Number of protein chains: 4
Amino acid sequence: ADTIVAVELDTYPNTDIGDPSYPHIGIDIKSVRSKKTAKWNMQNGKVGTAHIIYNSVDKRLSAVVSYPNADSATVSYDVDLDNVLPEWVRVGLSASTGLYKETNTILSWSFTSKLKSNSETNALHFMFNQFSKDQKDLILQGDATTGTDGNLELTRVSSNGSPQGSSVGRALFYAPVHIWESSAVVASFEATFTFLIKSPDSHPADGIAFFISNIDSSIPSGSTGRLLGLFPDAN
Amino acid sequence: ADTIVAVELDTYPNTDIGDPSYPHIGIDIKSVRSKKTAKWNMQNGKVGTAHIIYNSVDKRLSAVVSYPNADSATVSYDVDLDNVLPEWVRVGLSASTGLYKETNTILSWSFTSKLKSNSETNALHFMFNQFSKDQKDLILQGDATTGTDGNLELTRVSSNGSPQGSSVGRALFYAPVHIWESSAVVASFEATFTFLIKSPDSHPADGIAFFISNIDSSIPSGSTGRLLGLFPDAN
Amino acid sequence: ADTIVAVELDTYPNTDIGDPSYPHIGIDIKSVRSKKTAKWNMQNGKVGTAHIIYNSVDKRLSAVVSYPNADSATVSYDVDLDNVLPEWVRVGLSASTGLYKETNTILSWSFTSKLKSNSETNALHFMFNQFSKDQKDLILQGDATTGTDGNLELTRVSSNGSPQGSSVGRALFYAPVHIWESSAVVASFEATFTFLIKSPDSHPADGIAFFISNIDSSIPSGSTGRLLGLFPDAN
Amino acid sequence: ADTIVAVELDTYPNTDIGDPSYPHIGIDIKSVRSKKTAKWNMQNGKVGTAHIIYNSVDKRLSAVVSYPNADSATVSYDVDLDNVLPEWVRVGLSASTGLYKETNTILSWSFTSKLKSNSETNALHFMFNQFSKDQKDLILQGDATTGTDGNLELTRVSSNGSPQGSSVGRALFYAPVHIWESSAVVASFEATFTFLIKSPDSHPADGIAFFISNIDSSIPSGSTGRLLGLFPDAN
Ligand SMILES: [Ca+2]
Ligand SMILES: [Ca+2]
Ligand SMILES: [Ca+2]
Ligand SMILES: [Ca+2]
Ligand SMILES: [Mn+2]
Ligand SMILES: [Mn+2]
Ligand SMILES: [Mn+2]
Ligand SMILES: [Mn+2]
């Protein structure tokens, strides 16, 4: 199966797989059962921003999520990603719905990785502030589409703009990303994305994640709903 | 056949296909017969740097090449690249040898493209200061290799470091690049590369080019030597 | 007197100093009498974006201005800025009102300059997306203030948000900028700013400019109104 | 007195002020007595590179120093810089000599700071790869000079290139830097510098530091030698 490191914006509390009893941000290392969570005061129908940062010296994966006019939520976990992920990865966004539903709309996405050797810099940077119908530098999986209102819709939305249940979709950047190299003295990455989660319901589900995977990662069988398009089971 | 826009560092004067009688830098629009050239005081065995710049407002493709302690050469050509190239391209480096030969060593390569809409920025940036044996974000073609002394060797070099004749090789960045979009008010790109051209001979050949192509571009049949791995003939 | 190169967003047609009979974008080289203009379909009360680009190889100063959902305006002028400006400059935003008035609100401002030598890069980059009451890396002149609603108000606005007539203000980045150096083979810069020009009147005035000056530039005596805080007279 | 946070490359072991018995890298928070050190296998006459990173989420100041063909040294310290430094700072390089001496030559220096609000980015970036005789965007203090061989010489060097004892010099970037803002959800910075420490002696002294200070910081009285141009005493 795939190797997954993700930051989840988990909109629906599944208390039998260890979610707390509230919407939360979480760090997921090879399991949907977050190694660390924080309470997230999710706002239905508001555009929010998530930031993810890591470096190989500190070996600490950190995330912050906010909305305009509101306090942030943050979570951190000590993990050496060179012990979890392979040397070459792909980076992506995932989202799902289940019997409860929401839009999983991405308005922008940026990513920077840097490898500094002892010679000196290798870097990759992309920024999307709008998505075209045919966005050739993204690999879309499952129900993900680009170009509606210039956005990335990770899960299915109707003609009328209503979100659909039982949906899963992902978008990965086309180029592999180099996160370890034998002469690297510092490796770092940052990601940002802006999202709009809207639901007609009092109980939206299931969430959006930023993830890093093996380069050939695909949507696991039956990873709708609580598994966020990332994991085949709740182990 | 492929669509090619390139900047050539042409080490060998082929006067029957319009080269001037000296090493030169040139702008190549769909032909090895440069639309514009300038004299280049090429230095055998010295590391040099080339810079390429363009934007959609000015519609002028410009290049500068230099060595430390020496004067630069520069060439410019007015061309609307949205009339020559498709909306999605790949970017790359090419080099060849013929019956005359040289190393076509790349020590670093960087590229930045920006699309500014009326909404606002879409960007791609990569930087390579060293190349690994298995450089998964490059597409190598022909004789190109990575990882010898951490460099990109575009054409064949022997165990002893001697350049081989009748060689052609290219490297393209893995992700397609978006150089036109319908809401773009400004599109721009810049490229830089550092190169080491060495020959045991008084007459090195054939040269290195930075190029932009259709995304599915491949080395044309019989494009060794004067055709620089870019063109199928000298039309 | 100061040396000024500017891009003007000129909201009020002063036909006796050569303005065309409509709001316009213009390139100003040492004179309020633009060397080049283009028609600008200015939108009272809409946030717009201006982009300015130049490089020393092409020697062409270009600008684009747009609003969301609208066509752009663009202007270009061939000028070697190394023949007009000194080696060290400051960069800034200016605005004025006269007997006719408008807000001259800046919501964001970014600037990048690069000097590439034959050795290789020297760079400066700043980005402001919000302005604090005490913004220590800006030099405010005249009526300019920071921190109201997190914006830069270049000209006077009342408690109620009404723009005031006979006002002039500028903001310059604190650090001098190096735009020529003797070993530079390419020098370039880009600027972006987002602005909100609002007036209760059918005839707003006078405009906003992005400018480059001698480092010790100050507001000329009596440069309210048609002189945009840039020039002492209409020569 | 000034407020100082620094990363020291300490070439001379002063064991009575807590230095270990070897050249070392250290994190200095308001004291020359490092809060944390690591062994540094300093190489007389070799160009080396230092990297410094921090962010407000992790609150961990980390540094790495290396030379080509050698293993790195690294040091980290948990510190909330918003509790140590004011909201506006200057950033700089310092160096000293005493009765033992060395060159304190800077070949390049780069710095990036980012403030991400809940609205979204404020950024400053500079890069120097060469220094001119009159480098107007640096504040030079004490014996520091620019433009000899295009380098920054932090301490005195003779006509012949011999380093002088009893010397102290600093260079600060001209613009103040904003490292805390009330709406910032993430603040980060990175610095890089390349240095050449050369001595005719078996015992070079005293070292180079990257530092962050109050904006009006100056060289303390009698801060030659072991105090690195940073501190007035060894408290
Ligand atoms: Ca859940
Ligand atoms: Ca030729
Ligand atoms: Ca006017
Ligand atoms: Ca010491
Ligand atoms: Mn969860
Ligand atoms: Mn030619
Ligand atoms: Mn005008
Ligand atoms: Mn020490």
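To find a chain, count down the sequence lines: A is the first, B the second, and so on, and within it residues start at 1. Because only heavy atoms are used, hydrogens play no part in the values below, and waters and symmetry mates are left out as well, while side chains stay in.
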S.K.: Heavy atoms only: give me the nearest B/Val7-B/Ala63 pair and the separation to one decimal.
M.R.: CG1-CB, 3.6 Å
S.K.: Output yes when a side-chain donor or acceptor of B/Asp206 lies under 3.5 Å from a complementary backbone atom of B/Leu228, and no otherwise.
M.R.: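 No: the side chain of B/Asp206 does not pair with the backbone of B/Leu228.
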S.K.: For the pair B/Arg170 (side chain) and B/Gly229 (backbone), establish whether a donor and an acceptor sit closer than 3.5 Å, ignoring hydrogens and angles.
M.R.: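 Yes, the answer is positive, given that a donor and an acceptor are paired below the 3.5 Å cut-off.
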S.K.: What I'd like to find out is whether the side chain of B/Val89 reaches to under 4.5 Å of the side chain of B/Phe211, using heavy atoms alone.
M.R.: no
S.K.: Check this for me: does any side-chain nitrogen of one of C/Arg60 and C/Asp80 sit under 4.0 Å from a carboxylate oxygen of the other?
M.R.: no
S.K.: Would you call B/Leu61 and B/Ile52 a side-chain contact if the rule is heavy atoms closer than 4.5 Å?
M.R.: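 In contact.
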S.K.: If every non-hydrogen atom of A/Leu115 is compared with every non-hydrogen atom of A/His178, which pair is closest and at what distance?
M.R.: CD1-O, 3.2 Å
S.K.: So, does C/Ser66 use its side chain to make a donor-acceptor pair with the main chain of C/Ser72 at under 3.5 Å?
M.R.: no
S.K.: Less than 6.0 angstrom separating the ring centers of B/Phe173 and B/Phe111, yes or no?
M.R.: no
S.K.: State, with a plain yes or no, whether a side-chain heavy atom of B/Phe210 is found less than 4.5 Å away from one of B/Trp109.
M.R.: yes
S.K.: Does the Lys NZ or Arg CZ of B/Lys36 fall within the cation-pi geometry relative to B/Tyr77 - under 6.0 Å from the ring centre and within 45° of the axis?
M.R.: no
S.K.: Rounded to the nearest 0.5 Å, what's the gap from OG1 on B/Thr145 to CD on B/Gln135? Could you check?
M.R.: 12.0 Å
S.K.: Between B/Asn104 and B/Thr155, is there a side-chain donor-acceptor contact under 3.5 Å, judged purely by atom types and distance?
M.R.: yes
S.K.: Answer yes or no: is there a donor N or O on one side and an acceptor on the other, between the side chain of B/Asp2 and the main chain of B/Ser218, under 3.5 Å?
M.R.: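 Yes, the answer is positive, given that a donor and an acceptor are paired below the 3.5 Å cut-off.
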S.K.: Pair C/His51, B/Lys116 - check side-chain contact (heavy atoms from CB on, under 4.5 Å), show working.
M.R.: CA-CA 9 Å; C/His51 301 286; B/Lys116 294 163 181 170; 3.6 Å; yes
S.K.: I need the B/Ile215 CD1 to B/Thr3 OG1 distance, nearest 0.5 Å.
M.R.: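 These two atoms lie 12.0 Å from each other.
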S.K.: Taking all non-hydrogen atoms of both residues, which atom of C/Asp58 and which atom of B/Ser76 are closest, and how far apart?
M.R.: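 C/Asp58 and B/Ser76 have their closest heavy atoms at OD1-OG, 3.8 Å.
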S.K.: D/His125 vs C/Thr112, test: side-chain contact (heavy atoms from CB on, under 4.5 Å). Steps then yes/no.
M.R.: CA-CA 9 Å; D/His125 170 73; C/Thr112 306; over 6 Å; no
S.K.: Side chains of B/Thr224 and B/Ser96: any donor to acceptor distance under 3.5 Å?
M.R.: no
S.K.: Does the pair C/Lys114 and B/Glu190 meet the rule for a side-chain contact (heavy atoms from CB on, under 4.5 Å), with working shown?
M.R.: CA-CA 12 Å; C/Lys114 296 177 170 150; B/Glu190 50 176 32; 3.0 Å; yes
S.K.: Considering only heavy atoms from C-beta outward, does the side chain of A/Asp137 approach that of B/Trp88 to under 4.5 Å?
M.R.: yes
S.K.: Under a 3.5 Å distance rule, please check whether B/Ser167 uses its side chain to pair with a backbone N or O of B/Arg156 as donor and acceptor.
M.R.: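 Between the backbone of B/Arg156 and the side chain of B/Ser167 there is a qualifying donor-acceptor contact (under 3.5 Å).
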S.K.: Give a yes or no answer on whether the side chain of C/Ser56 reaches the backbone of C/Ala187 with a donor-acceptor pair at less than 3.5 Å.
M.R.: yes
S.K.: What heavy-atom pair brings B/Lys101 and B/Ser199 nearest, and what distance separates the two atoms?
M.R.: O-OG, 2.8 Å
S.K.: Looking at B/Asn69, I'd like to know if its CG atom is crowded, meaning that more than 12 non-hydrogen atoms belonging to other residues, nucleotides or ligands lie closer than 6.0 Å.
M.R.: no
S.K.: Quickly, which of B/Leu107, B/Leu140, B/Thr105 forms a side-chain contact (heavy atoms from CB on, under 4.5 Å) with B/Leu152? Name it, please.
M.R.: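 Among the candidates, only B/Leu140 passes.
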S.K.: Ignoring hydrogens and angles, tell me if any N or O in the side chain of D/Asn129 forms a donor-acceptor pair with the backbone of C/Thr121 under 3.5 Å.
M.R.: yes
S.K.: Is there a donor-acceptor pair closer than 3.5 Å between any side-chain N or O of B/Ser34 and the backbone N or O of B/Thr37?
M.R.: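 No; zero donor-acceptor contacts below 3.5 Å.
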S.K.: Can you list the steps and then say if C/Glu181 with D/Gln130 is a side-chain contact (heavy atoms from CB on, under 4.5 Å)?
M.R.: CA-CA 10 Å; C/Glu181 193 274 334; D/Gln130 67 179 3; 3.0 Å; yes
S.K.: Can you tell me how far the OG atom of B/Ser223 sits from the CG atom of B/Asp233, to the nearest 0.5 Å?
M.R.: 10.5 Å
S.K.: Under 4.5 Å between any side-chain heavy atoms of C/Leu81 and C/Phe189, yes or no?
M.R.: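 A side-chain contact exists here, since the closest heavy-atom pair is under 4.5 Å.
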S.K.: Can you measure from CG (D/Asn151) to OG (D/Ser108) and round to the nearest 0.5 angstrom?
M.R.: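 Output value for this atom pair is 9.5 Å.
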S.K.: Atom CH2 of B/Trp180 and atom CD of B/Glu87: how far apart are they, to the nearest 0.5 Å?
M.R.: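 Reported to 0.5 Å precision, the distance equals 5.0 Å.
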S.K.: Using only atom types and a distance under 3.5 Å, with no angle test, would you say the side chain of B/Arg90 pairs donor to acceptor with the backbone of B/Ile212?
M.R.: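 The answer is no, because no donor-acceptor pair under 3.5 Å joins these two groups.
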S.K.: Would you give the length of the straight line joining atom CG of C/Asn55 to atom OG of B/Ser188, rounded to the nearest 0.5 angstrom?
M.R.: 10.5 Å
S.K.: Which heavy-atom pair separates B/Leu93 from B/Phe193 by the least distance, and what is that distance?
M.R.: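 So the minimum-distance heavy-atom pair works out to CD2-CD2, 3.9 Å.
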S.K.: Heavy atoms, side chains only, cut-off 4.5 Å: are B/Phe231 and B/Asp28 in contact?
M.R.: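 Contact flag for B/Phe231/B/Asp28 side chains = yes.
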S.K.: Quick check on C/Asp71: does its CG atom have over 12 non-hydrogen neighbours (other residues, nucleotides or ligands) under 6.0 Å away?
M.R.: no
S.K.: Are A/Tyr174 and B/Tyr174, when compared by the centres of their aromatic rings, separated by less than 6.0 Å?
M.R.: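 So the answer is yes for these two rings.
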S.K.: Using only atom types and a distance under 3.5 Å, with no angle test, would you say the side chain of B/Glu102 pairs donor to acceptor with the backbone of B/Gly207?
M.R.: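 Pair found, side chain donor or acceptor close to backbone of B/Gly207.
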S.K.: Considering only heavy atoms from C-beta outward, does the side chain of B/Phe128 approach that of B/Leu138 to under 4.5 Å?
M.R.: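 Yes, close enough: below the 4.5 Å cut-off.
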S.K.: If you count every heavy atom of other residues, nucleotides or ligands that lies below 6.0 Å from B/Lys59 atom NZ, does the total exceed 12?
M.R.: yes
S.K.: Within a strict 4.5 Å, meaning less than it, do heavy atoms of the B/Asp19 and B/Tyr12 side chains meet?
M.R.: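 No, every pair of side-chain atoms sits at 4.5 Å or beyond.
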S.K.: For B/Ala70 versus C/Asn118, what's the shortest heavy-atom pair and its separation?
M.R.: O-ND2, 3.1 Å
